Structure formats: C-alpha cells, structure tokens
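Source file model_39.csv; content: CSV, N, CA and C atoms and all ligand atoms.
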chain,number,residue,atom,x,y,z
A,2,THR,N,0.9,-1.2,0.0
A,2,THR,CA,0.0,0.0,0.0
A,2,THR,C,0.9,1.2,0.0
A,3,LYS,N,0.5,2.2,-0.8
A,3,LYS,CA,1.3,3.4,-0.9
A,3,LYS,C,0.9,4.4,0.2
A,4,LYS,N,1.9,5.1,0.7
A,4,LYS,CA,1.6,6.0,1.8
A,4,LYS,C,1.9,7.5,1.5
A,5,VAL,N,1.0,8.4,1.8
A,5,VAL,CA,1.2,9.8,1.5
A,5,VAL,C,1.3,10.5,2.9
A,6,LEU,N,2.3,11.3,3.0
A,6,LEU,CA,2.5,12.1,4.2
A,6,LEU,C,1.9,13.5,3.9
A,7,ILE,N,0.9,13.8,4.7
A,7,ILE,CA,0.2,15.1,4.6
A,7,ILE,C,0.7,16.1,5.6
A,8,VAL,N,1.2,17.2,5.2
A,8,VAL,CA,1.7,18.3,6.1
A,8,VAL,C,0.8,19.4,5.9
A,9,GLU,N,-0.1,19.6,6.9
A,9,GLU,CA,-1.2,20.6,6.8
A,9,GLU,C,-1.6,21.0,8.2
A,10,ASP,N,-1.6,22.3,8.5
A,10,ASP,CA,-2.0,22.7,9.9
A,10,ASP,C,-3.5,22.9,10.1
A,11,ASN,N,-4.2,23.1,9.0
A,11,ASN,CA,-5.7,23.2,9.1
A,11,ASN,C,-6.4,21.9,9.1
A,12,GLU,N,-7.2,21.8,10.2
A,12,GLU,CA,-8.0,20.6,10.4
A,12,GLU,C,-8.9,20.2,9.3
A,13,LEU,N,-9.7,21.2,8.7
A,13,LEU,CA,-10.6,20.9,7.6
A,13,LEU,C,-9.8,20.4,6.4
A,14,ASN,N,-8.7,21.1,6.0
A,14,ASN,CA,-7.9,20.6,4.9
A,14,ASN,C,-7.3,19.2,5.1
A,15,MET,N,-6.8,19.0,6.3
A,15,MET,CA,-6.2,17.7,6.6
A,15,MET,C,-7.2,16.6,6.5
A,16,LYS,N,-8.4,16.9,6.9
A,16,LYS,CA,-9.5,15.9,6.8
A,16,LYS,C,-9.9,15.6,5.4
A,17,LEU,N,-10.0,16.7,4.6
A,17,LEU,CA,-10.4,16.5,3.2
A,17,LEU,C,-9.3,15.6,2.5
A,18,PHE,N,-8.1,16.0,2.6
A,18,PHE,CA,-7.0,15.3,2.0
A,18,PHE,C,-7.0,13.8,2.4
A,19,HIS,N,-7.1,13.6,3.7
A,19,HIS,CA,-7.1,12.3,4.3
A,19,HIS,C,-8.3,11.4,3.7
A,20,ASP,N,-9.5,12.0,3.7
A,20,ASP,CA,-10.6,11.3,3.2
A,20,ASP,C,-10.5,10.9,1.7
A,21,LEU,N,-10.0,11.9,0.9
A,21,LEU,CA,-9.9,11.6,-0.5
A,21,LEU,C,-8.8,10.5,-0.8
A,22,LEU,N,-7.7,10.6,-0.1
A,22,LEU,CA,-6.6,9.7,-0.3
A,22,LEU,C,-7.0,8.3,0.2
A,23,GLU,N,-7.7,8.2,1.4
A,23,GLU,CA,-8.1,6.9,1.9
A,23,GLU,C,-9.1,6.2,1.0
A,24,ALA,N,-10.0,7.0,0.4
A,24,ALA,CA,-11.0,6.5,-0.6
A,24,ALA,C,-10.3,5.8,-1.7
A,25,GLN,N,-9.1,6.2,-2.1
A,25,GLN,CA,-8.3,5.6,-3.2
A,25,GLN,C,-7.6,4.4,-2.7
A,26,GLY,N,-7.6,4.1,-1.4
A,26,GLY,CA,-6.9,2.9,-0.9
A,26,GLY,C,-5.5,3.2,-0.4
A,27,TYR,N,-5.2,4.5,-0.3
A,27,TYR,CA,-3.8,4.9,0.1
A,27,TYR,C,-3.8,5.0,1.7
A,28,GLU,N,-2.7,4.8,2.3
A,28,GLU,CA,-2.5,5.0,3.7
A,28,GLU,C,-2.0,6.4,3.8
A,29,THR,N,-2.2,7.0,5.0
A,29,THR,CA,-1.7,8.4,5.1
A,29,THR,C,-0.9,8.6,6.5
A,30,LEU,N,0.0,9.5,6.5
A,30,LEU,CA,0.7,9.9,7.7
A,30,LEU,C,0.3,11.4,7.8
A,31,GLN,N,0.2,11.9,9.0
A,31,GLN,CA,-0.3,13.2,9.1
A,31,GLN,C,0.5,14.1,10.2
A,32,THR,N,0.7,15.3,9.9
A,32,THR,CA,1.3,16.3,10.8
A,32,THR,C,1.0,17.7,10.4
A,33,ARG,N,1.0,18.6,11.4
A,33,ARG,CA,0.7,20.0,11.2
A,33,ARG,C,2.0,20.8,11.1
A,34,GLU,N,3.1,20.2,11.4
A,34,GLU,CA,4.4,20.9,11.4
A,34,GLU,C,5.5,20.5,10.4
A,35,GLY,N,6.1,21.5,9.8
A,35,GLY,CA,7.2,21.2,8.8
A,35,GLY,C,8.3,20.3,9.4
A,36,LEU,N,8.9,20.7,10.5
A,36,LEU,CA,10.0,20.0,11.1
A,36,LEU,C,9.6,18.5,11.4
A,37,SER,N,8.4,18.3,11.9
A,37,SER,CA,7.9,17.0,12.3
A,37,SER,C,7.8,16.2,11.0
A,38,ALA,N,7.4,16.8,9.9
A,38,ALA,CA,7.3,16.1,8.6
A,38,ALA,C,8.6,15.5,8.2
A,39,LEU,N,9.8,16.1,8.5
A,39,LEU,CA,11.1,15.6,8.2
A,39,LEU,C,11.3,14.4,9.0
A,40,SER,N,11.0,14.5,10.3
A,40,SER,CA,11.2,13.3,11.2
A,40,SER,C,10.4,12.1,10.8
A,41,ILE,N,9.1,12.4,10.5
A,41,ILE,CA,8.2,11.3,10.1
A,41,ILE,C,8.6,10.7,8.8
A,42,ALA,N,9.1,11.5,7.9
A,42,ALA,CA,9.6,10.9,6.6
A,42,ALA,C,10.7,9.9,6.8
A,43,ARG,N,11.6,10.2,7.8
A,43,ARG,CA,12.7,9.3,8.0
A,43,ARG,C,12.4,8.1,8.8
A,44,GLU,N,11.2,8.1,9.5
A,44,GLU,CA,10.8,7.0,10.3
A,44,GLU,C,9.8,6.1,9.6
A,45,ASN,N,9.1,6.6,8.6
A,45,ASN,CA,8.1,5.9,7.9
A,45,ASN,C,8.1,5.8,6.3
A,46,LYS,N,9.2,6.4,5.8
A,46,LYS,CA,9.4,6.4,4.3
A,46,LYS,C,8.1,6.5,3.5
A,47,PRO,N,7.5,7.7,3.4
A,47,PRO,CA,6.3,7.9,2.6
A,47,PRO,C,6.6,7.8,1.1
A,48,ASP,N,5.6,7.6,0.3
A,48,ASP,CA,5.8,7.5,-1.2
A,48,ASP,C,5.6,8.8,-1.8
A,49,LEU,N,5.0,9.8,-1.1
A,49,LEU,CA,4.7,11.1,-1.7
A,49,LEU,C,4.4,12.0,-0.5
A,50,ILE,N,4.8,13.3,-0.6
A,50,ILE,CA,4.6,14.2,0.4
A,50,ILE,C,3.7,15.4,-0.1
A,51,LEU,N,2.6,15.6,0.6
A,51,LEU,CA,1.7,16.7,0.3
A,51,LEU,C,2.0,17.8,1.3
A,52,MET,N,2.6,18.9,0.8
A,52,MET,CA,3.1,20.0,1.6
A,52,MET,C,2.4,21.3,1.5
A,53,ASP,N,1.8,21.7,2.6
A,53,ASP,CA,1.1,23.0,2.5
A,53,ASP,C,2.3,24.0,2.6
A,54,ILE,N,2.3,25.0,1.6
A,54,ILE,CA,3.4,25.9,1.6
A,54,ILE,C,3.2,27.0,2.6
A,55,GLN,N,1.9,27.3,2.9
A,55,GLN,CA,1.6,28.4,3.9
A,55,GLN,C,1.4,27.9,5.4
A,56,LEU,N,2.4,27.2,5.9
A,56,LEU,CA,2.3,26.7,7.3
A,56,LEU,C,2.5,27.9,8.2
A,57,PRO,N,1.9,28.0,9.4
A,57,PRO,CA,2.1,29.2,10.2
A,57,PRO,C,3.5,29.4,10.8
A,58,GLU,N,4.3,28.3,11.0
A,58,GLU,CA,5.6,28.5,11.6
A,58,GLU,C,6.8,28.4,10.6
A,59,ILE,N,6.6,27.9,9.4
A,59,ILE,CA,7.7,27.8,8.5
A,59,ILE,C,7.2,27.7,7.1
A,60,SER,N,8.0,28.1,6.1
A,60,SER,CA,7.6,28.0,4.7
A,60,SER,C,7.8,26.6,4.3
A,61,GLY,N,6.8,26.0,3.6
A,61,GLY,CA,6.9,24.7,3.2
A,61,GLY,C,8.0,24.5,2.1
A,62,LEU,N,8.3,25.6,1.4
A,62,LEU,CA,9.4,25.5,0.5
A,62,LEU,C,10.7,25.3,1.1
A,63,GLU,N,10.9,25.9,2.3
A,63,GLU,CA,12.2,25.7,3.0
A,63,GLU,C,12.3,24.3,3.5
A,64,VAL,N,11.1,23.7,3.9
A,64,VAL,CA,11.1,22.3,4.3
A,64,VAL,C,11.4,21.4,3.2
A,65,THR,N,10.9,21.8,2.0
A,65,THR,CA,11.2,21.0,0.8
A,65,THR,C,12.7,21.0,0.5
A,66,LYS,N,13.4,22.1,0.8
A,66,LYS,CA,14.8,22.2,0.5
A,66,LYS,C,15.5,21.1,1.4
A,67,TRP,N,15.1,21.0,2.7
A,67,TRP,CA,15.7,20.1,3.6
A,67,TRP,C,15.5,18.7,3.0
A,68,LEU,N,14.3,18.4,2.5
A,68,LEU,CA,14.0,17.1,2.0
A,68,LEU,C,15.0,16.7,0.8
A,69,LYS,N,15.2,17.7,-0.1
A,69,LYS,CA,16.1,17.5,-1.2
A,69,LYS,C,17.6,17.4,-0.8
A,70,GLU,N,17.9,17.8,0.4
A,70,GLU,CA,19.3,17.8,0.8
A,70,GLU,C,19.6,16.4,1.5
A,71,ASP,N,18.6,15.6,1.8
A,71,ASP,CA,18.7,14.3,2.4
A,71,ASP,C,18.7,13.2,1.4
A,72,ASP,N,19.8,12.4,1.3
A,72,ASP,CA,19.9,11.4,0.3
A,72,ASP,C,18.8,10.3,0.4
A,73,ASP,N,18.2,10.2,1.5
A,73,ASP,CA,17.1,9.2,1.7
A,73,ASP,C,15.7,9.7,1.3
A,74,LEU,N,15.6,11.1,1.4
A,74,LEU,CA,14.3,11.7,1.2
A,74,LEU,C,14.2,12.4,-0.1
A,75,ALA,N,15.3,12.7,-0.8
A,75,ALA,CA,15.3,13.5,-2.0
A,75,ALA,C,14.5,12.9,-3.2
A,76,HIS,N,14.3,11.6,-3.2
A,76,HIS,CA,13.6,11.0,-4.3
A,76,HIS,C,12.0,11.0,-4.1
A,77,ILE,N,11.6,11.4,-2.9
A,77,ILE,CA,10.2,11.4,-2.6
A,77,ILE,C,9.5,12.6,-3.3
A,78,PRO,N,8.5,12.4,-4.2
A,78,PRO,CA,7.9,13.5,-4.9
A,78,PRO,C,7.1,14.3,-3.9
A,79,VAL,N,7.2,15.7,-4.0
A,79,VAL,CA,6.5,16.6,-3.2
A,79,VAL,C,5.5,17.4,-4.0
A,80,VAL,N,4.3,17.4,-3.5
A,80,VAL,CA,3.2,18.2,-4.1
A,80,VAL,C,2.9,19.3,-3.2
A,81,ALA,N,3.0,20.5,-3.7
A,81,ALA,CA,2.7,21.7,-2.9
A,81,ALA,C,1.2,22.1,-2.9
A,82,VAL,N,0.8,22.5,-1.7
A,82,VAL,CA,-0.6,23.0,-1.6
A,82,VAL,C,-0.5,24.5,-1.3
A,83,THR,N,-0.9,25.3,-2.3
A,83,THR,CA,-0.8,26.7,-2.2
A,83,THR,C,-2.2,27.4,-2.2
A,84,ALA,N,-2.2,28.6,-1.5
A,84,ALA,CA,-3.5,29.4,-1.5
A,84,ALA,C,-3.4,30.4,-2.6
A,91,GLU,N,3.2,28.4,-9.1
A,91,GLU,CA,3.8,27.3,-10.1
A,91,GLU,C,5.3,27.5,-10.2
A,92,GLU,N,5.7,28.8,-10.5
A,92,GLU,CA,7.1,29.1,-10.7
A,92,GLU,C,7.9,28.9,-9.5
A,93,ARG,N,7.6,29.5,-8.4
A,93,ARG,CA,8.3,29.4,-7.1
A,93,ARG,C,8.3,27.9,-6.6
A,94,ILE,N,7.1,27.3,-6.7
A,94,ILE,CA,7.0,25.9,-6.2
A,94,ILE,C,7.8,24.9,-7.0
A,95,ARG,N,7.8,25.1,-8.4
A,95,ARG,CA,8.6,24.2,-9.2
A,95,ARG,C,10.1,24.4,-8.9
A,96,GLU,N,10.5,25.7,-8.8
A,96,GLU,CA,11.9,26.0,-8.6
A,96,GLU,C,12.3,25.4,-7.2
A,97,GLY,N,11.4,25.4,-6.3
A,97,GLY,CA,11.6,24.9,-4.9
A,97,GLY,C,11.9,23.4,-4.8
A,98,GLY,N,11.6,22.7,-5.9
A,98,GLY,CA,11.8,21.3,-5.9
A,98,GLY,C,10.5,20.4,-5.8
A,99,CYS,N,9.4,21.1,-5.9
A,99,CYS,CA,8.1,20.4,-5.9
A,99,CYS,C,7.7,19.9,-7.3
A,100,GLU,N,7.2,18.7,-7.4
A,100,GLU,CA,6.8,18.0,-8.6
A,100,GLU,C,5.6,18.6,-9.3
A,101,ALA,N,4.7,19.1,-8.4
A,101,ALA,CA,3.4,19.7,-8.9
A,101,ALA,C,2.9,20.6,-7.8
A,102,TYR,N,1.8,21.3,-8.0
A,102,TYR,CA,1.1,22.1,-7.1
A,102,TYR,C,-0.4,22.1,-7.2
A,103,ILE,N,-1.0,22.2,-6.0
A,103,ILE,CA,-2.5,22.1,-6.0
A,103,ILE,C,-3.0,23.4,-5.2
A,104,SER,N,-3.8,24.2,-5.9
A,104,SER,CA,-4.3,25.4,-5.3
A,104,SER,C,-5.6,25.2,-4.6
A,105,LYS,N,-5.9,26.0,-3.6
A,105,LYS,CA,-7.2,26.0,-2.9
A,105,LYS,C,-7.9,27.2,-3.3
A,106,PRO,N,-9.3,27.1,-3.5
A,106,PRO,CA,-10.1,25.9,-3.3
A,106,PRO,C,-9.6,24.8,-4.3
A,107,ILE,N,-9.3,23.6,-3.8
A,107,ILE,CA,-8.9,22.5,-4.7
A,107,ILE,C,-10.0,21.8,-5.5
A,108,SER,N,-9.5,21.3,-6.6
A,108,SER,CA,-10.4,20.5,-7.5
A,108,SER,C,-10.1,19.1,-7.1
A,109,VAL,N,-11.2,18.3,-6.8
A,109,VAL,CA,-11.0,17.0,-6.3
A,109,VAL,C,-10.3,16.1,-7.4
A,110,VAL,N,-10.8,16.2,-8.6
A,110,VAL,CA,-10.3,15.4,-9.7
A,110,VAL,C,-8.8,15.8,-10.1
A,111,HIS,N,-8.6,17.1,-10.1
A,111,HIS,CA,-7.2,17.6,-10.4
A,111,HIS,C,-6.3,17.1,-9.3
A,112,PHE,N,-6.7,17.2,-8.0
A,112,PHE,CA,-5.9,16.7,-6.9
A,112,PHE,C,-5.6,15.2,-7.0
A,113,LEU,N,-6.6,14.4,-7.2
A,113,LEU,CA,-6.4,13.0,-7.3
A,113,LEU,C,-5.6,12.6,-8.5
A,114,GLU,N,-5.8,13.2,-9.6
A,114,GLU,CA,-5.1,12.9,-10.9
A,114,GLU,C,-3.6,13.2,-10.7
A,115,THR,N,-3.3,14.3,-10.1
A,115,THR,CA,-2.0,14.7,-9.8
A,115,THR,C,-1.2,13.8,-8.9
A,116,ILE,N,-1.9,13.3,-7.9
A,116,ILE,CA,-1.2,12.4,-6.9
A,116,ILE,C,-1.1,11.0,-7.5
A,117,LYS,N,-2.1,10.6,-8.2
A,117,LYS,CA,-2.0,9.2,-8.8
A,117,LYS,C,-1.0,9.2,-9.9
A,118,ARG,N,-0.8,10.2,-10.7
A,118,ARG,CA,0.2,10.3,-11.7
A,118,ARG,C,1.6,10.1,-11.2
A,119,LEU,N,1.8,10.7,-10.0
A,119,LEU,CA,3.1,10.6,-9.4
A,119,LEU,C,3.4,9.3,-8.6
A,120,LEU,N,2.3,8.8,-8.0
A,120,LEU,CA,2.4,7.5,-7.2
A,120,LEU,C,2.2,6.3,-8.0
A,121,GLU,N,1.4,6.3,-9.1
A,121,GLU,CA,1.1,5.1,-9.9
A,121,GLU,C,1.7,5.0,-11.2
A,122,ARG,N,3.0,4.8,-11.2
A,122,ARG,CA,3.8,4.6,-12.5
A,122,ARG,C,4.7,3.4,-12.4
A,123,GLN,N,5.0,2.8,-13.5
A,123,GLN,CA,5.8,1.6,-13.5
A,123,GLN,C,7.1,1.9,-12.8
A,124,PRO,N,7.5,0.9,-12.0
A,124,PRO,CA,8.7,1.1,-11.2
A,124,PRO,C,10.0,1.0,-12.1
B,1,MN,MN,-2.7,25.3,6.1
B,2,MN,MN,-7.5,6.4,8.0

Structure translated into structure tokens:
Amino acid sequence: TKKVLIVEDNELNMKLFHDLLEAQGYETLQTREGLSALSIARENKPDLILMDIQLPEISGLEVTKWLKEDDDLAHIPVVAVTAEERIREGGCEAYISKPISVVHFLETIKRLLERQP
C-alpha cells in the first residue's frame, strides 16, 4: 500500500486530503508541522509528500529544501498545496491550489504515485 505524508496545519484541509486519499486505498501519515514532517519521513518512508506551503511556523518551500538535501528523502515526490514558478523551482513536482479541484488533486497524486517502477 502506498503512503502519503500530509503536512497541513488546518483541520478541515487535513481531513479532506485524508478522506480523499483513503478512498483511493492509500494509507496516510499526518502532521501539522514542517519539522515533524522531516522526522516522520525518516521513520516511515512515505511514497509522496503533500506539503502546505503556507504553514504558520515555516515556509513549506524551506522544508522541501531540507528534503532534497537528504539522500534518503530526495527521491520522494513533493506536491505543494498553495493558497507554479516558485513551487517548481523549490523542488516540488506539482502544485495544488485551494479551493482544490478533487479530480485535479487525485489525478496529480495518482500520476506521481502510480507509475511503472
Ligand atoms: Mn494550512
Ligand atoms: Mn484512516
């Protein structure tokens, strides 16, 4: 089963993302903090990271830089959740804007998670 690490401080958004991903048969890991996301990634090896760029304590883009600096985490695709240029340059594979489109969101994540090994 593929696992998606969701980094989102907002309860409503976290629940929406979790519900949508669970419906697809994916397992999820959850946290509201950028630093914790790094720790969790090293302890549970997620297959994709859904990163809110607008976290209250830190920029998700700075967290993404730390991910790319780690030899074990650099390969994990990161999808930014923003409220394209900056995100792509930051190391994110794609971006999802809010209000999010359910189909666009799922298509984007499946495209990155479901490809021949
Ligand atoms: Mn948020
Ligand atoms: Mn669940």

Can you measure atom C of residue 48 in chain A to CA of residue 124 in chain A for me? One decimal in Å is fine.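 So the answer is 12.5 Å.
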
Any idea what's packed within 8 Å of residue 43 in chain A, counting only C-alpha atoms, ignoring anything in its chain fewer than 3 positions away? Could you give it as a PyMOL selection string? chain A and resi 39-40+46+73-74

Distance CA of residue 26 in chain A-CA of residue 123 in chain A, one decimal place?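 Result for CA of residue 26 in chain A versus CA of residue 123 in chain A: 17.9 Å, one decimal.
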
For a test of reading the model, state the distance in Å between CA of residue 83 in chain A and atom N of residue 38 in chain A, rounded to one decimal.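 These atoms are spaced 17.7 Å apart.
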
Within 8 Å of ligand MN 2 (chain B), counting all atoms listed in the file: which residues, as a PyMOL selection string? chain A and resi 19-20+23+27-29

Among the residues A:101, A:7, A:30, A:68, the one that comes closest to ligand MN 1 (chain B) [using only C-alpha atoms and all ligand atoms]: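 Comparing A:101, A:7, A:30, A:68 against ligand MN 1 (chain B), the winner is A:7.
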
Contacts between ligand MN 1 (chain B) and chain A, please, where a residue of chain A counts if it comes within 6.5 Å (with all atoms listed in the file); show its shortest atom pair and distance in Å to one decimal, rows by chain and ascending number, as JSON lines.
{"residue": "A:9", "atom": "C", "partner": "B:MN1", "partner_atom": "MN", "distance": 4.9}
{"residue": "A:10", "atom": "N", "partner": "B:MN1", "partner_atom": "MN", "distance": 4.0}
{"residue": "A:11", "atom": "N", "partner": "B:MN1", "partner_atom": "MN", "distance": 3.9}
{"residue": "A:53", "atom": "CA", "partner": "B:MN1", "partner_atom": "MN", "distance": 5.7}
{"residue": "A:55", "atom": "C", "partner": "B:MN1", "partner_atom": "MN", "distance": 4.9}
{"residue": "A:56", "atom": "CA", "partner": "B:MN1", "partner_atom": "MN", "distance": 5.3}
{"residue": "A:57", "atom": "N", "partner": "B:MN1", "partner_atom": "MN", "distance": 6.3}

Keeping only N, CA and C atoms, write the selected residues to a file as a PDB file, in the frame of the given file.
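So the final result, stored in result_19.pdb, reads:
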ATOM      1  N   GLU A   9      -0.100  19.600   6.900  1.00  0.00           N
ATOM      2  CA  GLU A   9      -1.200  20.600   6.800  1.00  0.00           C
ATOM      3  C   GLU A   9      -1.600  21.000   8.200  1.00  0.00           C
ATOM      4  N   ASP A  10      -1.600  22.300   8.500  1.00  0.00           N
ATOM      5  CA  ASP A  10      -2.000  22.700   9.900  1.00  0.00           C
ATOM      6  C   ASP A  10      -3.500  22.900  10.100  1.00  0.00           C
ATOM      7  N   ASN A  11      -4.200  23.100   9.000  1.00  0.00           N
ATOM      8  CA  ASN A  11      -5.700  23.200   9.100  1.00  0.00           C
ATOM      9  C   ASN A  11      -6.400  21.900   9.100  1.00  0.00           C
ATOM     10  N   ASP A  53       1.800  21.700   2.600  1.00  0.00           N
ATOM     11  CA  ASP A  53       1.100  23.000   2.500  1.00  0.00           C
ATOM     12  C   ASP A  53       2.300  24.000   2.600  1.00  0.00           C
ATOM     13  N   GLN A  55       1.900  27.300   2.900  1.00  0.00           N
ATOM     14  CA  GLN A  55       1.600  28.400   3.900  1.00  0.00           C
ATOM     15  C   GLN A  55       1.400  27.900   5.400  1.00  0.00           C
ATOM     16  N   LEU A  56       2.400  27.200   5.900  1.00  0.00           N
ATOM     17  CA  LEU A  56       2.300  26.700   7.300  1.00  0.00           C
ATOM     18  C   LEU A  56       2.500  27.900   8.200  1.00  0.00           C
ATOM     19  N   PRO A  57       1.900  28.000   9.400  1.00  0.00           N
ATOM     20  CA  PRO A  57       2.100  29.200  10.200  1.00  0.00           C
ATOM     21  C   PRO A  57       3.500  29.400  10.800  1.00  0.00           C
TER      22      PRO A  57
END

Could you tell me which of A:49, A:44, A:31, A:72 comes closest to residue 12 in chain A if we count only C-alpha atoms?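 The shortest atom-to-atom distance to residue 12 in chain A comes from A:31.
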
Can you list, as a PyMOL selection string, all residues belonging to range 2-99 of chain A that DSSP tags as strand (DSSP E or B)? chain A and resi 4-8+28-32+49-53+55+60+79-83

Output N, CA and C atoms for every residue in the selection just made, as a PDB file, keeping the file's coordinate frame.
ATOM      1  N   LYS A   4       1.900   5.100   0.700  1.00  0.00           N
ATOM      2  CA  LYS A   4       1.600   6.000   1.800  1.00  0.00           C
ATOM      3  C   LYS A   4       1.900   7.500   1.500  1.00  0.00           C
ATOM      4  N   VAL A   5       1.000   8.400   1.800  1.00  0.00           N
ATOM      5  CA  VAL A   5       1.200   9.800   1.500  1.00  0.00           C
ATOM      6  C   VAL A   5       1.300  10.500   2.900  1.00  0.00           C
ATOM      7  N   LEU A   6       2.300  11.300   3.000  1.00  0.00           N
ATOM      8  CA  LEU A   6       2.500  12.100   4.200  1.00  0.00           C
ATOM      9  C   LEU A   6       1.900  13.500   3.900  1.00  0.00           C
ATOM     10  N   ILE A   7       0.900  13.800   4.700  1.00  0.00           N
ATOM     11  CA  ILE A   7       0.200  15.100   4.600  1.00  0.00           C
ATOM     12  C   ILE A   7       0.700  16.100   5.600  1.00  0.00           C
ATOM     13  N   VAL A   8       1.200  17.200   5.200  1.00  0.00           N
ATOM     14  CA  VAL A   8       1.700  18.300   6.100  1.00  0.00           C
ATOM     15  C   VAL A   8       0.800  19.400   5.900  1.00  0.00           C
ATOM     16  N   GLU A  28      -2.700   4.800   2.300  1.00  0.00           N
ATOM     17  CA  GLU A  28      -2.500   5.000   3.700  1.00  0.00           C
ATOM     18  C   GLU A  28      -2.000   6.400   3.800  1.00  0.00           C
ATOM     19  N   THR A  29      -2.200   7.000   5.000  1.00  0.00           N
ATOM     20  CA  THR A  29      -1.700   8.400   5.100  1.00  0.00           C
ATOM     21  C   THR A  29      -0.900   8.600   6.500  1.00  0.00           C
ATOM     22  N   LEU A  30       0.000   9.500   6.500  1.00  0.00           N
ATOM     23  CA  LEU A  30       0.700   9.900   7.700  1.00  0.00           C
ATOM     24  C   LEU A  30       0.300  11.400   7.800  1.00  0.00           C
ATOM     25  N   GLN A  31       0.200  11.900   9.000  1.00  0.00           N
ATOM     26  CA  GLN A  31      -0.300  13.200   9.100  1.00  0.00           C
ATOM     27  C   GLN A  31       0.500  14.100  10.200  1.00  0.00           C
ATOM     28  N   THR A  32       0.700  15.300   9.900  1.00  0.00           N
ATOM     29  CA  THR A  32       1.300  16.300  10.800  1.00  0.00           C
ATOM     30  C   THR A  32       1.000  17.700  10.400  1.00  0.00           C
ATOM     31  N   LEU A  49       5.000   9.800  -1.100  1.00  0.00           N
ATOM     32  CA  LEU A  49       4.700  11.100  -1.700  1.00  0.00           C
ATOM     33  C   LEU A  49       4.400  12.000  -0.500  1.00  0.00           C
ATOM     34  N   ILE A  50       4.800  13.300  -0.600  1.00  0.00           N
ATOM     35  CA  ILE A  50       4.600  14.200   0.400  1.00  0.00           C
ATOM     36  C   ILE A  50       3.700  15.400  -0.100  1.00  0.00           C
ATOM     37  N   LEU A  51       2.600  15.600   0.600  1.00  0.00           N
ATOM     38  CA  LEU A  51       1.700  16.700   0.300  1.00  0.00           C
ATOM     39  C   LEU A  51       2.000  17.800   1.300  1.00  0.00           C
ATOM     40  N   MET A  52       2.600  18.900   0.800  1.00  0.00           N
ATOM     41  CA  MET A  52       3.100  20.000   1.600  1.00  0.00           C
ATOM     42  C   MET A  52       2.400  21.300   1.500  1.00  0.00           C
ATOM     43  N   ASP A  53       1.800  21.700   2.600  1.00  0.00           N
ATOM     44  CA  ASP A  53       1.100  23.000   2.500  1.00  0.00           C
ATOM     45  C   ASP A  53       2.300  24.000   2.600  1.00  0.00           C
ATOM     46  N   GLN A  55       1.900  27.300   2.900  1.00  0.00           N
ATOM     47  CA  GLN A  55       1.600  28.400   3.900  1.00  0.00           C
ATOM     48  C   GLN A  55       1.400  27.900   5.400  1.00  0.00           C
ATOM     49  N   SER A  60       8.000  28.100   6.100  1.00  0.00           N
ATOM     50  CA  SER A  60       7.600  28.000   4.700  1.00  0.00           C
ATOM     51  C   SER A  60       7.800  26.600   4.300  1.00  0.00           C
ATOM     52  N   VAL A  79       7.200  15.700  -4.000  1.00  0.00           N
ATOM     53  CA  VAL A  79       6.500  16.600  -3.200  1.00  0.00           C
ATOM     54  C   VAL A  79       5.500  17.400  -4.000  1.00  0.00           C
ATOM     55  N   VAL A  80       4.300  17.400  -3.500  1.00  0.00           N
ATOM     56  CA  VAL A  80       3.200  18.200  -4.100  1.00  0.00           C
ATOM     57  C   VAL A  80       2.900  19.300  -3.200  1.00  0.00           C
ATOM     58  N   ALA A  81       3.000  20.500  -3.700  1.00  0.00           N
ATOM     59  CA  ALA A  81       2.700  21.700  -2.900  1.00  0.00           C
ATOM     60  C   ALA A  81       1.200  22.100  -2.900  1.00  0.00           C
ATOM     61  N   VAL A  82       0.800  22.500  -1.700  1.00  0.00           N
ATOM     62  CA  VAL A  82      -0.600  23.000  -1.600  1.00  0.00           C
ATOM     63  C   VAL A  82      -0.500  24.500  -1.300  1.00  0.00           C
ATOM     64  N   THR A  83      -0.900  25.300  -2.300  1.00  0.00           N
ATOM     65  CA  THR A  83      -0.800  26.700  -2.200  1.00  0.00           C
ATOM     66  C   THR A  83      -2.200  27.400  -2.200  1.00  0.00           C
TER      67      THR A  83
END

Residues flagged alpha helix (DSSP H) by DSSP in range 47-98 of chain A, as a PyMOL selection string: chain A and resi 61-70+92-96

Go ahead and save the picked residues with N, CA and C atoms, as a short mmCIF file (atom, residue, chain, number, x, y, z; two decimals), in the coordinates of the input.
data_model
loop_
_atom_site.label_atom_id
_atom_site.label_comp_id
_atom_site.auth_asym_id
_atom_site.auth_seq_id
_atom_site.Cartn_x
_atom_site.Cartn_y
_atom_site.Cartn_z
N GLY A 61 6.80 26.00 3.60
CA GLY A 61 6.90 24.70 3.20
C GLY A 61 8.00 24.50 2.10
N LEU A 62 8.30 25.60 1.40
CA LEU A 62 9.40 25.50 0.50
C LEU A 62 10.70 25.30 1.10
N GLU A 63 10.90 25.90 2.30
CA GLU A 63 12.20 25.70 3.00
C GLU A 63 12.30 24.30 3.50
N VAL A 64 11.10 23.70 3.90
CA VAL A 64 11.10 22.30 4.30
C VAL A 64 11.40 21.40 3.20
N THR A 65 10.90 21.80 2.00
CA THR A 65 11.20 21.00 0.80
C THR A 65 12.70 21.00 0.50
N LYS A 66 13.40 22.10 0.80
CA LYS A 66 14.80 22.20 0.50
C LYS A 66 15.50 21.10 1.40
N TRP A 67 15.10 21.00 2.70
CA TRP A 67 15.70 20.10 3.60
C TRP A 67 15.50 18.70 3.00
N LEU A 68 14.30 18.40 2.50
CA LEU A 68 14.00 17.10 2.00
C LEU A 68 15.00 16.70 0.80
N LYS A 69 15.20 17.70 -0.10
CA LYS A 69 16.10 17.50 -1.20
C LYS A 69 17.60 17.40 -0.80
N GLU A 70 17.90 17.80 0.40
CA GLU A 70 19.30 17.80 0.80
C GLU A 70 19.60 16.40 1.50
N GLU A 92 5.70 28.80 -10.50
CA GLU A 92 7.10 29.10 -10.70
C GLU A 92 7.90 28.90 -9.50
N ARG A 93 7.60 29.50 -8.40
CA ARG A 93 8.30 29.40 -7.10
C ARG A 93 8.30 27.90 -6.60
N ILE A 94 7.10 27.30 -6.70
CA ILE A 94 7.00 25.90 -6.20
C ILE A 94 7.80 24.90 -7.00
N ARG A 95 7.80 25.10 -8.40
CA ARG A 95 8.60 24.20 -9.20
C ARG A 95 10.10 24.40 -8.90
N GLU A 96 10.50 25.70 -8.80
CA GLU A 96 11.90 26.00 -8.60
C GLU A 96 12.30 25.40 -7.20
#

For each of A:15, A:8, A:103, A:113, take the minimum atom-to-atom distance to residue 34 in chain A, counting only C-alpha atoms, then give the residue where this is smallest.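 Ranked by minimum distance to residue 34 in chain A, first place goes to A:8.
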
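In terms of minimum interatomic distance to residue 78 in chain A, A:99 ranks closest within A:62, A:99, A:6, A:41, counting only C-alpha atoms.
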
As JSON, numbers by chain, please: the residues near residue 97 in chain A (cut-off 6 Å, only N, CA and C atoms, same-chain neighbours under 4 positions excluded). {"A": [62, 65, 66, 92, 93]}
